[PDB]
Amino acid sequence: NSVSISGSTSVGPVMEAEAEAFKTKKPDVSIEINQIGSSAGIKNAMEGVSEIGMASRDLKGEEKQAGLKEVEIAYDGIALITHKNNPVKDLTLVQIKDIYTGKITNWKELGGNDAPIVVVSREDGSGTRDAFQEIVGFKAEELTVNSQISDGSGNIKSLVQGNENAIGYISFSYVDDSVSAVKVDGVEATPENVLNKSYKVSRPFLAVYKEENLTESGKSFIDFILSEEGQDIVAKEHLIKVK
């Protein structure tokens, strides 16, 4: 019948592409997808507000308590994006930590322009923010007080597009010619390099649900996403197919 899904903004676009193709496979099934961030999607799945929650990170310890079933539908790299005109094309993971904690505050320190770094972070509740902080190696408390907060993947892309001195983080699936992803420790931000583990900033895309709430229609949609046709859609969105 009608399958309610809510959660990650990183997963939103591939989920919409999956729903569009699934409408030709099971025409009597309707899927409603709402993008509200990973933490809210997981909470909605836990409470039965959504039949399926979308997360762009592993579940936190406190969320593991709920006993949600977890299904990996893809893997995704997190790119460090700058304005397309920034001469800096390379950052080390150590430099990324120093920028985000406010130890490095001007692009001149990174060999770029004599200009301040406009640090952009996602809102609290973002799966991308939680995975990024964990891998880069700093706590929320250590984030520079000068950081801009952008609500959702779309807004962090828009802020970086419009500010020559900005830096932000986003799913590879949102990267296009309007922004530039830096190489991290000499490694290009590609699905190949996420899969061979040389590009360290990455995370799963998960569909989470309570076994008692998942309908035959919801189960059919997850199975479609994991099928060869479902995984071809995942690759077309610059994601990594489930290994």
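Residues carry their position along the shown sequence, with the first being 1.
Item to complete: Using the B-factors recorded in the PDB entry, average over the C-alpha atoms of 61-69 and of 34-42, then report which stretch comes out higher.
Response: Result of the comparison: 61-69.
Worksheet item: Which has higher Cα B-factors on average according to the PDB entry: 138-146 or 93-101?
Response: If you average the C-alpha B-factors of 93-101 and of 138-146, the larger mean comes out for 138-146.
Worksheet entry | Criterion, highest CA B-factor; candidates, 87, 168, 127, 77 | If I rank 87, 168, 127, 77 by C-alpha B-factor, first place goes to 87.
Discussion item. For the CA B factor values reported in this entry, which option in 214, 181, 55, 201 has the top one?
Written reply: It is 214.
Discussion item. Taking only the Cα B-factors deposited for this chain, tell me whether residue 3 sits in the lowest, middle or highest third.
Written reply: Top third by C-alpha B-factor.
Item to complete: Classify residue 121 as lowest, middle or highest third according to the C-alpha B-factor given in the PDB entry, relative to its own chain.
Response: Its C-alpha B-factor belongs to the lowest third of this chain's values.
Worksheet entry | CA B-factor placement of residue 24, once the chain's modelled residues are sorted into thirds | Top third by C-alpha B-factor.
Discussion item. Using only modelled residues of the chain, where does the Cα B factor of residue 115 rank: lowest third, middle third or highest third?
Written reply: Middle third - that is where residue 115 ends up once the chain's C-alpha B-factors are sorted.
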